[PDB]
Each structure stands twice: as C-alpha cells, then as structure tokens.
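Novice: Fold the stuff below for me.
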Amino acid sequence: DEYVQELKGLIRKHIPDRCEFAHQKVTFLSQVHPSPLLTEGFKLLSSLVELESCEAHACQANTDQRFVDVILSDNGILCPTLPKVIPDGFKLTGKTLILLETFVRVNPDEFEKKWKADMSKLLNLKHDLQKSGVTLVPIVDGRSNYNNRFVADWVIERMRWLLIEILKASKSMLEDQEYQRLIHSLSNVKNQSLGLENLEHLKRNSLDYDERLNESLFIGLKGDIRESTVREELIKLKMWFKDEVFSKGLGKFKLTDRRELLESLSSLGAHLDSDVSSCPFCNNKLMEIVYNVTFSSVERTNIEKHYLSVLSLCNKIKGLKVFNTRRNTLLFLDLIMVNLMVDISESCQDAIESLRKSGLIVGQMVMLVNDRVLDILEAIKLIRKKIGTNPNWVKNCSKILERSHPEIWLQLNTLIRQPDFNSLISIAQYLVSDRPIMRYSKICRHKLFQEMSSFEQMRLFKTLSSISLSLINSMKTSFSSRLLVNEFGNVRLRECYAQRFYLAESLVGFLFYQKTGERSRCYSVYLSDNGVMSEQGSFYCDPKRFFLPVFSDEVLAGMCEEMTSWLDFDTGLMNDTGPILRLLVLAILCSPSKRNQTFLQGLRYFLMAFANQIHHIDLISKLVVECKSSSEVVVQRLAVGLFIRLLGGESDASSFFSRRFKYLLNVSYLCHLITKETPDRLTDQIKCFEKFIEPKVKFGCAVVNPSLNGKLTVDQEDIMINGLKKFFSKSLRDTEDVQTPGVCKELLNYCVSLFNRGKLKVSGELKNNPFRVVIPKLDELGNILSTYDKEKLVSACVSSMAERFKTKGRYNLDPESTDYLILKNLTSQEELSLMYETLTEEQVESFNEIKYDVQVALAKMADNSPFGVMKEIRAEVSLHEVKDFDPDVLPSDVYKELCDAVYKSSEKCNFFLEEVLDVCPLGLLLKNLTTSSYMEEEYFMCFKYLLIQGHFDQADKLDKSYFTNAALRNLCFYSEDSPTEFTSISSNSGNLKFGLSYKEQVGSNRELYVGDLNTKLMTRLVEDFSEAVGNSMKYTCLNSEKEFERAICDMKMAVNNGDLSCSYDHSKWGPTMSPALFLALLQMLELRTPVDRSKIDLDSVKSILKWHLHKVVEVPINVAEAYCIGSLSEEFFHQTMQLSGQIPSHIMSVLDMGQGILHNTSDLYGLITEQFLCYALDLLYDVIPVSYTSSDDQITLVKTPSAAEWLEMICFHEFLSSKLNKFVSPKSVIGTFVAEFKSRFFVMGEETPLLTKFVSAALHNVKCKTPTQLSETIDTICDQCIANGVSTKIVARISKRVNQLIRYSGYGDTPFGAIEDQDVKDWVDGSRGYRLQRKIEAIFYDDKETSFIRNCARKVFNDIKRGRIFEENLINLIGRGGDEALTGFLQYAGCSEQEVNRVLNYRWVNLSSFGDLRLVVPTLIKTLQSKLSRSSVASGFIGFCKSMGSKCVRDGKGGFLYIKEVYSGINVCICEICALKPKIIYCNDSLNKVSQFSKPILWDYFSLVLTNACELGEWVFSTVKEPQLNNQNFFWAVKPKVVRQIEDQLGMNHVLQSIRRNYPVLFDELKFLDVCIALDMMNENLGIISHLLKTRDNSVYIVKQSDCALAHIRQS
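Specialist: Numbers count the residues shown, from 1 in each chain. Provided below are the atomic coordinates:
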C-alpha cells in the first residue's frame, strides 16, 4: 500500500462528465481500504470502457446492470416470461430493441469463444423473445485493445502496471485460483511465446478418475520385454499359426487363380440379371437424344444481327428493376419485343420466315429477353390483359425509359406502340406448329453402334458438346427470375426457359425447361430443320455436372484415339476395342453419378489383382455397388466386357501384357472424368456421417452431451472406460473376433520394447527436440453461411439504417439502399448490379432472406379481421402456425398453391394499398410492402406477408468482492475460461470442438472435422512434434520427397529384377485408432535426444492427447434435422430419443482420429509398427523386405532367394498386422508384376503413364480470375500432363478447349491469352517465357520482322550481362510505360528511326491494360507477398461468362466500359498490318479512335526474349531451325538441359532488391536479377520470377520419341 495514496490522485484526471463517473468516484475517495480496492477501486475502468462502447453505438446506459424482462416491464407491457440474462445498454422504443455487450482480448485464442457463448446466450432467447411481439439485434463490440475516448489511452496502462504489485502485496498481506488468472487477464499485447512448455506453467489438478484411465491404459506396457523373449514367443507364435489357422482356412489371401477371377468379374459386372438391352442408346434417356440429333441432322442477314442486338439491348435494359413492381418489368419490354417482331414482319416480304424460321423463332414460338421462349399468343392476351387492367398505361412507362433513366434507347416507336393485336394475329395464325411438350417417367432401331464408319463418330460428340454447352449456359439464366404463369406427368409447354445452339448454317436446336437455378430440371430437346420443329427426346438430369466436355471433343478424341493406338500389334483386336471404348467414354460422359464413378475406380484393384498373383480374398465381395437406376449397368457391361475382351482370350492372351495393363488401367482411371461433386449436399453429409459413426457404435462408444470443458456424469464415463478396456483386449492368439479395432497391449509391449532397444531401423534418436474476426457455429459446415453471420450483418445494417433517418427526421427507407449496404459488405441501379450478379444461387436465396429479415427488423422500429374463414384456422392457419412457430420457414407440401391464391386475394382495406410507392416510407409497409407480390403474379411470398401481418406472432460481500467463481462475469476482460488448472481430460477451456466435413475425393468422401481456434492451437504442437520426430526417422514420407524418391527407385529396380513387393491400404484407417493407443505408445518411448542422453518428459505431450482422447465431434444440423421427420445410425439416433430426449448434438467418443489432425503421430506408429512387423520376417521367414509408409499407404519389398508358395508368410503378415488394428484393407494387392505407391504403378521394364487422370484434371478445375491466370492454371496442368509422356497433340487440343472457353466468354482473344497450339518441344526446355515466345513468334512466321528485335535483345543483353555495366540503371527508361521505353531501347541498339516507325503500329488490344478485368498494383507484388508472407468448376465459370459481359474494362480515366464497345472502337486496315491476324493485330489507323488500349506486341516480344535470356538462354536469340524413325509409342524419359544464367537462392535476392527499384512500393508493404525484376514491374504478363523462386517441379520428363526428333531445335 505504498501507491494507495497515489492511486486516488492517479485517476483524479477523470472529470465526471456523466453519472457513470460521479457516483463511482465519490464512492472511490471515501475509504482508504485495499480489501475492495481490486474490485471497487478498479471497477471505474469497468464503467469507462462499458460506457465508451455504449458512447459509440446507439445506446442508453442502464447503470443498474440488470435483466431483460424488467427492462421490458418498465413501460406498460405485460412481462412476456423471458429468461433473464445481463445486458449493459439498451435502446428501447417502438417494438424492437438493442442488447449490447463488450469483450476485449489480445489473444486470438479465446476472443472467439467469448463471442460464441455471448451470441448463444442471447440466441437461446430467440425461441422465446421473438414470440413476445418484439425482435432484437444483439450487437457485440469486438476489441483487440482499449479504444476509449474519455481517456487518451495513457492512464489505463498505469492502472495495469502499478496495481500489478498491489495484488502481490495484498495477497502477501491478506482467492488463490482467482489470483494468477487475474495476472493472465491483465496482460498487454502478448507475444506469449507458446512452445511445448505450454502445459508446464499450469497446476495439474486431477479428477480422481484418470487413475482408472491409467489402470485401463498403462498396465500391459513395461518397455522392458527382452529382445530374446520377443524372438522366443514370436517363433512359437509362428509355429502356432502354421499348424493353427493357415491350413484350416481363416486366412485372407489366395493365389487369385487368374482364370477364375475373370469369370468372377463376368458374373460380377455383366448383369445377366438385368433387363437391359445391348444397344445402349435404347436404355439411357440422354444417349437417345444424342443419337437422335447426330443422325437426324448430319444426313441433313442484317436482320439477324439487328434482332440479336436489340435483344441484348432488352437484356441490358431489363437489369434495372425500374418498373416499381416485379411483373411489368418483363412485360413492357415484351411489348417492345413483339412490336419489333411485327416491325420485322413489316420489314420485308420474306423477313419473319426465311431468316427467322431458320433463326430464333419456330412455329408458335417467340424468343426474347432472358432466354424466354414465350409462344406468341399469350402476349396477345397479356397486353390485352394489361391494357385491360390499366387502360391508361403506356403514357408514363415509356418515357420512364428516357426520364429517370440513361435515355439511350434505340427503339423506333415501340415504347408507346400499343400494337394492333390483329396485326400480331396475322403472324400468329400465319405460323403455328405443334406446341412443345415435356415428359416425365420398348421399340429399338439404332444401327448397332459399331456398325458405323469412324468419321461420324466425332459428329456424335459435336452434338454432345453442343447440347453440353446448352446445359452449361442453362445455369446462366437468372436465379430468382420468376415467370408469368405458375403451374403433370406430360406437360404442354406454355413458355419455357430455353437455351440455344447452332448445328449448321440453317438448322439450330434448343433446350427446354422450367425451373431456374442449379438443381435438377426435366429437360426437353427440339430441333428445327428450317422452321419445322421436332421433339427428339426428353431426359432428366442436373446442369452443374456436365462441365467437362464443352469443347473436349478434340480432347477426348485425342485420348480415345491415343489410348486405342496402344494396340499397334493386334490390329483386328484393336479394330474391336476401339469403337467400344469410344461409346464407353460417351456412356460415362452420359451418366455422372457416384455409383458409376466408384465402380470404374474400383476396377484397378481387380486389375492389380489379375496383374499380380495375390489378392485379399474379400475384394470382389466389395467391387460392385447396387445400380440404383438402369443406367449404371450400361457402363458396367462394356469396360467390364472389355476386360473380358482382352484379359482372358481363349488362346494365350497375356502376350503384350504391359500394354494391356497400361491400357485397361487408363480405362479404369477414365473413371475420374466424372466431376467429383457427390451429386447433392444433404445426401452427402448424412452419408459422410454414416461413414463416421457406424464402426464407432458397432464398437460401442457413443455418448451424449459432455460439459464441453471437463467433467462428466458417471454412466457416460462408464461406457467410455468400457470401450477403453475392451479396446486393448484382443489376445495374441485368437483368430476369431479379429476385425475389431484394438491391440494386444502386451504385443504392443513387444513392439515398443523392441523399439526402445536399438535393433530396429529406427530408434528414439529425436534430433533437434520439439520443445519450441468472423467465427461460425459448429453445426453447419460444408456450407458458406453460418447462422451467426446471418444475424451479424443483419444487425450491422439495421443499426446503420437506424442512424440515417433519426438525425433530422427523414422517416423513410430507400428500397435499394436497404439492398446496398449488404451487397457492399458481403461481396445507383447499375452500381448495385455492377457486382450483384457476382453470386451463387445458394447465395442468392440467402441474400433474399437477408433482404427480408432486414426489412422486417427495420419495419419493427416504427411500430407503436381473421373472420374470413375459408379453411379451418385451427387446422390450416393456426395449427401450422404453432407447428412452425414461424411464418417464415413455412413449407410447400403442407398446403397447396391455389390457397396461396384465394385467401391471399382478400379485398382491399387498410391492410393493402395501390399506387405501389417505390419511395416507401417506413412504418406504413404493413399495407405498402404487402401488395408488392400481390401486384406481382406470385402467391407464396405475399401469403407469408399476410400471415405474418395481422398479429399472428404471439462480511461476505467484501470478501467475495474479490471475484471468485461466484463473481466471474462482473468484469469483461477478467479472462474467465482461460486454463487456470488444466483438467486431466480437457484443456480447462474447451473439449476439442470438432464437427463434420467431407473432401469429395474420387471414390469416397474423405472426411475432415471442424477445429476451433484453441483446438488447432493444441493440434499444431502435436503434429509438429511428430514432424520433428519423422524428420529424424528414416522410412516415412508424409512430407519428405527424398525417401519417397528412393522408395520409387528401389521399387523400380526391384521390379526390373523380377522381385516381389506388396501394396497395402487400410480400410477405415481414420475411424479405427484412438489417441490412448498413441499415449500407450508414448509411454514406453525414451526419446533420448543426443544432446542429453536421457528420457525426456512427455507430460506436456501425454496429458494433451488425453484431451484428444475426449474430443467433442459435433453433428451437422443437416444430418440432425433430416432425422427429425421420420441406415443403422438413423436407427440409433431414434433410440437416443427414448432416453433423455435432448437432441443428440454434442458427441464424444474414444477412437476417432481426425484425418490430418493427428496424422503424423499415427505415421510414426505406422512407421515403427511396420518396421516391427518387417523385423520378424528376417528371422521368421529369412527374407529381407523393406517397408515404406506414407501414413495411409504401405509397401514391403520382399527379397526372395532363388513362385508364390510362401503365402505361408504373407497372410500371416496380415495375421500379425491385423492384431495391431492396422487392418489390411480388402483392397490391397501383393505380387511381383505391379506395385504401387500412391498412383505410381511401377511395372516391369517401363512405367505406367496413367494418362486420363491428368487429362481429366486439366478439364476440371477451370477456376476464374483472368485469362492470364486461368490460362496459367491450365498451362501448369499441361506441364504436368506432358510430364507423363502423353503426346503433344492432346495438349494443344486442351489449349484450344481453354482458348474457346475464353472465346465463348466474350473476352475475345489476345496472343497472351491461352497458350499456343501445336507446341512440340517447349515444355521440355523452358517455362512460360518460352511458350509465349513461340506463340508470338509463330505469327511472324517469315522471321524477318522479329529477328530484328531479337538482334536488339542481343545488343541489350550482352551489354547488361557481366563484364560491363552499360546502364544497369535501365530502371526508369522502362517504367514510363509501354511504347516510349521501347523507343529508347531501339535507338539505343543502333538503327534508324524508320524501324521505330515500322514496328510500333503493331498493336494488340489489352483489356486488363490499365487495371484488371474487374469481376468482384502489378501482380509481381502479389506473387512476392504470397511467397514471402510464408461453387464447383462449373459454378464459377457461369460467374465468369456473366462478369465478363458486365462493365469491366478500365481506363486510367475513372470509369469502366464494355468489351464490345472497345471492339466497337475498331476499324479495318487490310494493308498487311491489321490483316496479319483478324481482330488480333491492328494498324494504328485501325485503332485511330481508341489507340490507348493499343499496346504494342513487339515490346512484350522483346521483353519475352529478355526473360528467355533471364531464366535460361543464350540460344533463345537464334533462328528457329529445321528438324529432319522409330516406333510411335517407344516413349522414354528425357532431361531438361537448361542453361541458366542467374544466381540461385533468390528468396532474399529479390525482396531486398525491390528497394533499389521502387521505394514506396515496399515502403508501405546481384548482377542481373534486377533488370528483370524490372521486366514485370511495369507490366504483368511475362511470367518471370514466379518460376525462379519456385522450381520446374518435374526435371525428369518422359515423352514419346515421335515428339523429340519431330521437334525443332534452337541451337546458338
């Protein structure tokens, strides 16, 4: 108490500006007493930051610190039976209110677990307070520190720095486990250095239960089983086995009997059980339509562009919502469109027939704005309807397209042009064909597919790609887009959403459907030869899955001819297998599902089995799944029959077995062409959770809700410990009950004690010892909105608009500024839709209800007849109203559609209004907003409005002043639930909060659990602990490349020796193991670092994995609420209801292993136990295997003296390795001909290319920023694809595919763009710098206009190398811009000015010229701050072809424009300069209007020759030379041969050399490297440094010999 007199005068600089300081300081001065001084003398800061966070927001400070129900009852309000919690600030008027908290942390660690508990605390009030007639916006004040205004941030740290002795002095002078937590609460901005010593500085209190955990856990271990006693028992165990259970048949292997499994396959796949046909097109509904189109159409205009132009004009004017309601905003421009249609009928004699029946309209059909086929006659009604409803209508709505509008409107008269309907009747009854029809829910003639020539076989896939693109841009339709008529097995088609596609110059096709969005529609495909319609089928599928083949006709064609070309030896057999494989590819392309996918992946297991000589005996028992349709059988007869076609011939059909295996394997990986998406989300997450919990509860460890930090009840603990001791039971010599997870703890003692002795290949060495914001809920993961965001941003925008109208008294809402703030902070009509269209349908229907409930939560602010009985109110209205408790989440099958018409159609009173009033002031929306969908055609949303409308919404205190457990929350920064004395089973704070997620792998969904922050904070130390372990280990590869490479090489040279090697995997490696197994492993580890030859301490390691042992895996709500309505887990959760009927949310278990959570800790277990099993085999079977493990895959390479008769050994390995719950998968294969390791199949004499995986990989993962970066992605993946020795021609065909993906997207083209076509060598010698060089200098083919600028490249580069400086400061000649840099260069080289003339009109049009293609700095900075700082493939592409038609291209002038407008700034300059490449290269006079986008190509060509001199070269200057035979498929491994002249280890050599280049660029954020750190400072698209800080990644390339001597050369 030496500062207690100073402590009064210290906060004497706090003037009582309010009541929050006056009474608080007059009670501060009236007693010198240290006993409440840490409480009463410190609560002034508990008043200050409280009031300040209340001083910021709209807040009336209740200094009483009281509850929710009496603050509602201070006015005249009956108390609504609220639960009572504590807020500290209100704003209560109207019929809504504001509860607010404040929480402040410097750590990221429990700053989030406070907000989670806070919003959970006020959102267990949403069940009860919303029913009172009042909503609330529970707002929080997240703070990293103390941001106060009534103090100037200078005395609060004196309050933490001078009181930091006074609690030490008082706790000496005078609470104990509320002493150091006050220390941990009063910390500054900590660099709180947490290592493995993190557990050491807590208390370690216990539970008086963990003794039984150890008593269940550490008994059978001694770590002291002698190495002679291991051999003695293990020899007798082998002698026990070899007479025990090998010969009586409980093994798992056989000799495969290679003939017999062929028959097993024939009975497996060739479904003689099925009712399926032979010709496949009869069976599936889409192949019907394909074979219709390609053999009803292969045997076989200024008004065009005018109609298309004015149609796109209608699309542009439609995206406004400026017709004050959402129904006329289609129909007035429909009137415009049909007026132009009759004006086209009034244009020529043959106008609406000869170029329109062959055009965009067919018989009784009109095409217009969105994609709407409208089928003319209805519009003849509708305008008659609309002029029926408003007789005086086209008087204001026409020149509202001029006034309050851009007024750029190219319409001749069609605005006010109320047409003669009789004139429209003339065209309408002129042409009528059959109306389109759609089908829900025998005969056969399809030319027997292989009875055709090979030429029309691509005409198949062209129609496939044409209908595929139609399915693609089916998505491109707007996602709300509600039509004009609502409302079944066979439906006459009134007006449909309908895409298009060409086929030839006359006949085009369509695609008919009704539902908007992403989900499955019921399609219908009609052709029109010359106007004559034809239905040609009606199928059912889902759009977002056919993103693959959109132009891959040449791509699949290249592989369907390429793979077929592997049979150059059996010509007629090749002539058989060719066409069937192409139809096979078609059928797989026809049917994406999970079943056909998983099957076709599952064929390599059989193929490795027939290739090798031993399988696991249960593989064919699981190599089929049940066909849910008749469609899965179609693929399951052909490749299966193809297996039958060339595995077992009646003669010796194993001749060229290597090509056979390669071929059929690439057939089997041709599975992977199905886009891995698990066709729906809610049937995936339940399937993933059933994959999660079924072996668990079969092993029997399901418990219900823990306390989430620590303590348990007795009974849940009992089944916990029951599973624990049942786990380790599993004796060393029982052969039954072996498929149960666990281990003989005493055989674990053999393994770990022989490990402690240094006779394994690994030991306890342990070099360099390991001892060194928006947050969601947990029950909806796999999605992209939490529930807490969906109240967070709602409350933010609600409180923001709560401010704007009570400054002056506006008292009105803006119906688009209520849609502007949310559209800003999540992702002015054009300013909204400028980035509003950059969303997803999941995001669209979320944003709609966000619009809804923000409009509701602002409609609640100004708030201060059921006798129209149609149906029973107690059976339709109020019964469903109380079953739902919400008018909002009302379903659609409990009612019908017409009751949403008729009871919604109640007559007008003060419940409705007319003259819809798009001003819309607040508080009157109860009659104003309700008529918005009454005057739209829709019925559901107004029904929700009308049912939510009309009130259907119904001294001890001085000692406990020092805050103990009875007084925790009375501060905010008291740091309540930090660890203070950590639990034996928990971290004292959380209990390892996890959730559910899948991964979408090829066959099965690999899982992931949802970590919290502290859970990951503990996960990191354990996984990097094992990382430092496995670095000292010798036979792991989860992160090491080198040992994996040596495993590869010795694997190959074992296979070339003709030696034997296994290949495993592990069925349910994830859900099997438990943390306590790994604790028991860690118990008998010595871990003697060679620093200190001594057993290290593991109590920070052993007691932290106890917390993993008791983890909280949550449940998805989508697996929880799907089980609510009415599959053994679905059976199990319904008997969790007949217990204590809480919903099973929090679930803890024993044996979990999040995959990638404790992964490497299993890897050392999966290393050491593997080497232990490997160790016996040198003494039990006198052979030397070597076993690698990548923590989920394993391999043992067997060395045999002087043939598979030692299967005696082999399943015995299983019989050993099954005992340690590393269960041998039924998918494993062991033999001597084919060995894997992670899809690297190392067969005799060669190596498997595995073509179609990478080929599929390029045709997937087309994600979208820029056609540099997007075409950098497929540039990368083409580097990977040609690493495997595919060809060159496939690569260019992929390049042409992605080129056409650009070209369809409306970017147009550029010689940067996609990479080149026909690239023959460039992959081998060099990165993108040489590829863009070849692409650009193949344009200048005569090699006379660009050899000059490469001469300039030599005259610059040989002066800018060593030996001479010669302006190494070129730093500012370049950075001025594009042209004038090159003008300095070219005169610097030595020539005339005439070259500077003749070159610099070579121009191209850049669209990310000045900035980017904005679809929401030089990118060099981003690559450096990426490397230096350390929604499918279809569904982005639609937001890519939509956010390219927007307002996108920028000038340096502030503002944006369109791509076609830049292409409207064009001319034609036929003299040899524009005419070099059409719409690619320009004259300057061809762009004399807009030449500022006309950047020069030759500047970037010069910079490319310098980058080709940077990253490699001194041959890249030279002339492209002339090449000048072998087997076509004699492919082999070639080497890079790159001559690099830079200096290596660049990672600091460029970052420090950004200062020497441009100062503010790194101020806010060698000999040669800096001159091309300078060739990407000013521009963006060279590709320089990114592939010199990272590496080429392959260096080993294999290619065909016909891609080497056929390739060019560029010698110096």
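Novice: Contacts for stretch 1390-1404 next, please.
Specialist: Contact with stretch 1390-1404 is made by 1310-1311, 1345, 1348-1349, 1355, 1379, 1382-1383, 1386-1387, 1473, 1480-1485, 1487, 1491, 1494-1498, as judged by C-beta atoms under 8 Å, 6 or more residues apart in numbering. (C-beta placed from N, C-alpha, C; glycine too.)
Novice: And stretch 1354-1367, by the same measure?
Specialist: 1368, 1370, 1373, 1385, 1388-1390, 1506, 1509, 1517, 1541, 1567-1568, 1571.
Novice: Sort out for me which of these are in helices.
Specialist: Counting by DSSP state H, the contacts of stretch 1354-1367 place 1373, 1385, 1388-1389, 1506, 1509 in helices.
Novice: And the strands in the stretch 1-150 of the chain?
Specialist: Counting by DSSP state E, counting those that start in this stretch, the segments of the stretch 1-150 of the chain that form strands are 96-97, 103-104, 135-136, 142-143.
Novice: domain parsing for this structure?
Specialist: Domain segmentation of the chain under automatic domain parsing yields 4-198, 260-282+546-674+1242-1253, 285-487+493-538, 866-949, 1261-1312+1321-1416+1431-1603.
Novice: coming back round to it: kindly indicate which of the ones in helices among the contacts of stretch 1354-1367 lies nearest residue 655.
Specialist: Nearest to residue 655 out of the ones in helices among the contacts of stretch 1354-1367 is residue 1509 (C-beta to C-beta; 51.6 Å).
Novice: how about that closest one, what does it touch?
Specialist: 1353, 1357, 1516-1517, 1541.
Novice: which of the residues you listed count as buried?
Specialist: 1353, 1357, 1516-1517 (16 or more other C-beta atoms under 10 Å).
Novice: For the residue nearest the centre of the chain, which non-adjacent residue is closest in space?
Specialist: Nearest residue to the geometric centre of the chain (C-alpha atoms, centre = their mean): residue 1431, 6.5 Å. Spatial nearest neighbour of residue 1431, chain neighbours left out: residue 840 (6.0 Å); criterion: C-beta to C-beta, 6 or more residues apart in numbering.
Novice: Show the contacting residues for the one you found.
Specialist: 518, 1431, 1435, 1439.
Novice: Most neighbours out of the residues you listed, which is it?
Specialist: Using other C-beta atoms under 10 Å as the neighbour criterion, residue 518 leads those with 20 neighbours.
Novice: In a helix, that residue, correct?
Specialist: No - Residue 518 is assigned coil when assessed by DSSP: H, G, I helix; E, B strand; the rest coil, not a helix.
Novice: tell me the contacts of it?
Specialist: 475, 479, 543-544, 840-842, 1435.
Novice: same deal with residue 1147?
Specialist: Here residue 1147 is in contact with 693, 702-705, 1112-1115 (C-beta under 8 Å, 6+ apart).
Novice: Let's see which of the residues you listed end up in strands.
Specialist: Counted as lying in strands by DSSP state E, out of these, are 1112-1113.
Novice: And the contacts of residue 840, which is closest to residue 945?
Specialist: For these, the closest approach to residue 945 (C-beta to C-beta) belongs to residue 518, at 26.7 Å.
Novice: separation between that closest one and residue 477?
Specialist: Distance of residue 518 to residue 477, computed by C-beta to C-beta, to the nearest Å: 10 Å.
Novice: next one: residue 161
Specialist: Separation of residue 161 from residue 477 (C-beta to C-beta): 64 Å.
Novice: who has more neighbours, those two?
Specialist: More crowded of residue 161 and residue 477, by other C-beta under 10 Å: residue 477, with 19 against 11.
Novice: So in this structure, which helix runs the longest?
Specialist: Criterion DSSP H: the longest helix present in the chain is helix 1159-1180.
Novice: Return the set of buried residues in it.
Specialist: 1159-1177, 1180.
Novice: do stretch 1280-1294 as well
Specialist: The neighbour-count check on stretch 1280-1294 (16+ other C-beta under 10 Å) flags 1281-1294 as buried.
Novice: List just the nearest of those to residue 354.
Specialist: Proximity to residue 354 was ranked across the buried residues of stretch 1280-1294 by C-beta to C-beta; first place goes to residue 1293, at 37.4 Å.
Novice: ok, so what distance separates residue 1365 from residue 1567?
Specialist: Per C-beta to C-beta, residue 1365 is found 10 Å from residue 1567.
Novice: Which residue of these two possesses the greater neighbour count?
Specialist: Neighbour count, other C-beta under 10 Å: between residue 1365 and residue 1567, residue 1567 has more, with 14 against 10.
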